[PDB]
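Here is the naming used below: chain letters follow the sequence lines, and residue numbers restart at 1 for every chain.
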Amino acid sequence: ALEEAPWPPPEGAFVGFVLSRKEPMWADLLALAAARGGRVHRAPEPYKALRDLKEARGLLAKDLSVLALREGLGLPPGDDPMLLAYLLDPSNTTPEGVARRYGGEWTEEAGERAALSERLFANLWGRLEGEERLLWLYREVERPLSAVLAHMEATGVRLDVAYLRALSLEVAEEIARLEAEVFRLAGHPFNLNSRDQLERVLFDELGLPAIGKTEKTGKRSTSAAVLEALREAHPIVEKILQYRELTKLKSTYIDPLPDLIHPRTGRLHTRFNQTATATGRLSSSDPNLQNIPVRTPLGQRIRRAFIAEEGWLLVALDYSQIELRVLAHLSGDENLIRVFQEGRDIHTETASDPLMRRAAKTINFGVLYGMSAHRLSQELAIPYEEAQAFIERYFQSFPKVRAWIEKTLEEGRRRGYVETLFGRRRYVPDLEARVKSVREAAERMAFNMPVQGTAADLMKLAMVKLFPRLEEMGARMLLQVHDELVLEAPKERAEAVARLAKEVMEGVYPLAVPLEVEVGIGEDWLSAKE
DNA sequence: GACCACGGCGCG
DNA sequence: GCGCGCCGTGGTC
Ligand SMILES: [Mg+2]
């Protein structure tokens with residue numbers, strides 16, 4: 001890319017482009033260019049020029065496709081060096097960094113971005129020559145997935161705006177009721193939203209016992225974990241907890257979301273970031289729709305705001321304990337495989353009563369993070385000696401797991417990275433740090449990655465297979481929440497879509513244990529998840 | 001207006 | 001106790 005040739009470029013050229021802002025559904029296309037065969041082409045007028053391309057090839061290809069889709073153009077994303085770099089090392093999350101690392105500089109000029117894409121792809125494609133397992137993931141998973149993601153982003157999800165507007169007004173009144181009561185008890189008003197000001201009121205002015213400290217600055221914590229333990233030591237604690245929940249939900253979801261309705265589509269549009277996590281998971285932002293409330297009663301009222309287009313229904317599909325099932329497969333623990341094989345509730349089969357079923361439930365999902373025998377003692381109110389005993393029992397039942405954990409750590413130590421089932425890797429150097437706390441944190445990141453990552457690989461593969469089947473049925477894929485999918489289907493075909501999608505997901509890639517999926521259909525995200 | 005670090009907390 | 005992104009605060013620029 002030196003010789004400047006008039007627009008348009010030949011087929012298979014690498015594209016460069018500049019957006020007025022990061023969100024492709026909200027961005028003005030400021031500039032457009034392309035590079036191939038030692039030439040560089042600059043679009044005279046970007047929007048018109050966008051019609052000439054057959055495929056978005058280059059850095060951030062998906063983002064350009066979303067924008068093209070926004071304009072009614074079918075311009076699928078192709079090769080993207082970010083995906084190649086992300087597979088080589090998932091700390092490769094930005095074009096700045098990737099450019100610097102593999103032979104260029106991420107500028108604000110379209111033509112230069114185009115030439116940077118061509119050059120980087122050439123280099124990175126070289127790195128992946130011989131990495132057959134990473135190459136497989138690029139071709140069979142990441143690249144095809146990027147097209148699926150572009151369609152999800154361009155499609156958006158419908159939101160009951162009036163409903164949320166109304167909800168805001170109600171919650172505002174309850175928050176006022178809580179804050180006024182807090183201020184009485186405090187004997188003086190202050191900024192309840194300021195944790196620094198709260199810290200002094202609680203532990204200095206009210207003399208409540210401080211418990212824990214914040215991580216970075218070592219102030220006395222006012223976290224929910226701390227407050228919970230004080231729910232009895234003063235009536236102000238409960239009111240603050242109730243205040244925290246309402247203001248969190250109101251300020252993060254109820255108020256901002258209605259203002260984000262796109263004028264042209266009348267729907268809400270997220271971004272599914274494909275090179276953003278250390279484990280291979282997607283992330284979601286602007287806004288994040290992967291952390292919409294669901295666990296509390298108010299959270300559930302908010303979720304009801306996500307609804308199906310008129311004439312359609314939402315279809316919600318959820319993998320059941322995918323990470324546990326993946327661990328059974330990776331570890332090869334016969335006993336745990338056995339609990340899934342004969343379709344047991346696990347949390348009781350593993351218990352091998354009330355406390356024992358809930359204890360087994362938490363521990364089953366604690367071994368994946370390396371839950372400390374302490375937090376366990378906290379969760380069961382059982383001494384640190386008894387909790388520490390369970391874990392040993394849990395592992396005596398499922399020895400292959402400890403062996404896998406230990407084997408995973410040992411290998412990570414030697415090679416400097418760990419792998420998912422498909423060979424997606426994460427580099428974790430701190431496995432040999434000499435500070436115990438730091439080393440043991442790296443360890444928990446390290447042996448969790450193959451599990452969380454494998455689950456992500458499976459879900460991604462499932463999306464790639466499922467998407468074409470949905471198009472041919474006239475249904476849409478709307479959201480992905482790590483181990484869940486939310487589709488939208490015409491009422492007539494909803495039931496059939498629900499049936500097919502479930503089967504696709506369960507049979508995406510058979511393991512030593514079966515994958516289970518629950519599927520519901522409904523007019524709103526909450527209704528559909530029942 | 002924008003950036004950051006932090007504590008805090010929403011979800012899987 | 002793993003993986004994220006966003007809030008308000010507090011501080012800067
Ligand atoms: Mg943080």
Item to complete: Step by step, work out the salt bridge (charged side-chain N to carboxylate O under 4.0 Å, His left out) result for A/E411 and A/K407.
Response: CA-CA 6 Å; A/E411 198 156 76; A/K407 170 65 179 77; 2.7 Å; yes

Problem set entry | Worked check of side-chain contact (heavy atoms from CB on, under 4.5 Å) between A/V428 and A/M449 | CA-CA 10 Å; A/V428 192; A/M449 186 274 169; over 6 Å; no

Tell me, with the steps shown, if A/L511 and A/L421 meet side-chain contact (heavy atoms from CB on, under 4.5 Å). CA-CA 10 Å; A/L511 304 175; A/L421 182 63; 4.0 Å; yes

- Evaluate the criterion side-chain contact (heavy atoms from CB on, under 4.5 Å) for residue pair A/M459 and A/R281; output intermediate values, then yes/no. CA-CA 9 Å; A/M459 169 59 86; A/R281 273 197 176 180; over 6 Å; no

Practice problem: Apply salt bridge (charged side-chain N to carboxylate O under 4.0 Å, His left out) to A/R195 and A/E199, showing your working. | Solution: CA-CA 6 Å; A/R195 52 87 49 225; A/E199 174 176 6; 2.9 Å; yes

Open item on the list: Apply salt bridge (charged side-chain N to carboxylate O under 4.0 Å, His left out) to residues A/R295 and A/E245 and explain how you reach the verdict.
Closed with: CA-CA 11 Å; A/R295 291 170 198 175; A/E245 174 174 342; over 6 Å; no

Applying side-chain contact (heavy atoms from CB on, under 4.5 Å) to A/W404 and A/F398, what does each step give before you reach the verdict? CA-CA 10 Å; A/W404 177 83; A/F398 299 141; over 6 Å; no

Practice task
Give the C-alpha distance, both sets of side-chain angles, the deciding distance and a yes or no for salt bridge (charged side-chain N to carboxylate O under 4.0 Å, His left out) between A/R476 and A/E488.
Solution key: CA-CA 5 Å; A/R476 310 155 167 161; A/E488 198 177 29; 2.8 Å; yes

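Residues A/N92 and A/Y102 bring a donor and an acceptor atom of their side chains to less than 3.5 Å of each other. Using modelled atom types, one finds a donor on one side chain and an acceptor on the other under 3.5 Å when comparing A/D89 with A/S91. Judged purely by distance below 3.5 Å, without hydrogens or angles, the side chains of A/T362 and A/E379 never pair a donor atom with an acceptor atom.
Heavy-atom contacts from other residues, nucleotides or ligands closer than 6.0 Å to CD of A/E472 number more than 12. Counting heavy-atom neighbours within 6.0 Å of A/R39 CZ, excluding the residue itself, gives a total of 12 or less. The environment of CD in A/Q378 is sparse: at most 12 heavy-atom neighbours from other residues, nucleotides or ligands sit within 6.0 Å. Counted within 6.0 Å of CZ on A/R200, heavy atoms from surrounding residues, nucleotides or ligands total 12 or fewer; the atom is thus considered open.
Residues A/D63 and A/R271 come closest through the heavy atom pair OD2-NH2, 3.1 Å. What you find for A/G423 and A/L137 is that their closest heavy atoms are C-CD1, 4.1 Å. Of all non-hydrogen atoms in A/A31 and A/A110, the two that sit nearest each other are CB-CB, 3.7 Å. Minimum interatomic distance between A/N273 and A/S285 (heavy atoms only, all atoms of both residues): ND2-OG, 2.9 Å. Annotation for A/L324 and A/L368: closest pair CD1-CD1, 3.6 Å, computed over non-hydrogen atoms. Annotation for A/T270 and A/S284: closest pair OG1-OG, 2.7 Å, computed over non-hydrogen atoms.
The aromatic rings of A/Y509 and A/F422 sit perpendicular to each other, their planes meeting at more than 60°, with 30° as the lower class boundary. Aromatic ring pairs are classed by plane angle as parallel below 30°, tilted from 30° to 60° and perpendicular above 60°; the pair A/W7 and A/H41 is perpendicular.
In this structure, CG in A/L487 is found 10.5 Å from CE in A/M473, a value given to the nearest 0.5 Å. One distance of note links NE2 of A/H482 with OH of A/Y319; it measures 15.0 Å at 0.5 Å rounding. Rounding to the nearest 0.5 angstrom, the gap separating the CE atom in A/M477 from the CG atom in A/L317 is 9.0 Å. Rounded to the nearest 0.5 angstrom, A/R127 CZ and A/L87 CG are separated by 14.5 Å. The line from CG of A/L32 to CG of A/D52 is 9.0 Å long, rounded to the nearest 0.5 Å.
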Side-chain donor-acceptor contacts of residues 10-25 of chain A below 3.5 Å, not counting sequence neighbours, with atom names and distances?
{"unit_1": "A/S20", "atom_1": "OG", "unit_2": "A/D28", "atom_2": "N", "d": "2.7"}
{"unit_1": "A/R21", "atom_1": "NE", "unit_2": "A/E23", "atom_2": "OE1", "d": "2.7"}
{"unit_1": "A/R21", "atom_1": "NH2", "unit_2": "A/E23", "atom_2": "OE1", "d": "3.3"}
{"unit_1": "A/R21", "atom_1": "NH2", "unit_2": "A/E23", "atom_2": "OE2", "d": "2.7"}
{"unit_1": "A/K22", "atom_1": "NZ", "unit_2": "A/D286", "atom_2": "OD1", "d": "3.4"}

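Side-chain atoms of A/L314 and A/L478, non-hydrogen and from C-beta on, do get closer than 4.5 Å to each other. No side-chain heavy atom of A/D318 sits under 4.5 Å from any side-chain heavy atom of A/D483. Residues A/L289 and A/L268 are in side-chain contact: their nearest non-hydrogen atoms beyond the backbone lie under 4.5 Å apart. For the pair A/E140 and A/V464, the minimum side-chain heavy-atom distance is 4.5 Å or more. For the pair A/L149 and A/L282, the minimum side-chain heavy-atom distance is below 4.5 Å. With contacts defined as side-chain heavy-atom distances shorter than 4.5 Å, the pair A/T222/A/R244 qualifies. A/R220 is listed as a side-chain neighbour of A/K213, based on a closest heavy-atom distance under 4.5 Å. Contact check for A/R325 versus A/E516: side-chain heavy atoms found under the 4.5 Å cut-off.
Looking at A/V513, A/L458, A/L515 one by one, the single match for side chain to side chain contact (heavy atoms under 4.5 Å, CB included) with A/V326 turns out to be A/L458.
Ion pairing of A/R143 with A/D79 is present here, as a side-chain N (NZ or NE/NH1/NH2) and a carboxylate O approach within less than 4.0 Å. A salt bridge is absent between A/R119 and A/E112; no separation between the charged side-chain nitrogens and carboxylate oxygens falls under 4.0 Å.
Taking the ring centre of A/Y369 as origin, the terminal cationic atom of A/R375 falls outside the region bounded by 6.0 Å and 45° from the ring axis.
Using modelled atom types, one side-chain atom of A/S65 and one backbone atom of A/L75 make a donor-acceptor pair closer than 3.5 Å. No donor-acceptor distance shorter than 3.5 angstrom exists from the side chain of A/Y253 to the backbone of A/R303, with no hydrogens or angles considered. Looking at A/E96, its side chain never comes within 3.5 Å of a backbone N or O of A/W106 through a donor-acceptor pair. No side-chain donor-acceptor contact under 3.5 Å links A/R426 to the backbone of A/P90. In terms of modelled atom types and a separation under 3.5 Å, the side chain of A/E105 and the main chain of A/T107 share no donor-acceptor contact. With A/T277 contributing its side chain and A/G280 its backbone, the two residues share a donor-acceptor pair below 3.5 Å. A/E506 places a side-chain N or O within 3.5 Å of a backbone atom of A/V517 that can act as its donor or acceptor partner. Counting only distance, with no hydrogens or angles, the side chain of A/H269 and the backbone of A/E153 share a donor-acceptor pair below 3.5 Å.
Listed by chain and residue number, A/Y47, A/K48 satisfy the side chain to side chain contact (heavy atoms under 4.5 Å, CB included) test with A/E45 (two or more places apart in sequence, or in another chain).
Applying the salt bridge (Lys or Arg N to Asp or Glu O under 4.0 Å) test to every pair with at least one member in residues 429-449 of chain A, sequence neighbours left out, gives these pairs: A/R413-A/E443.
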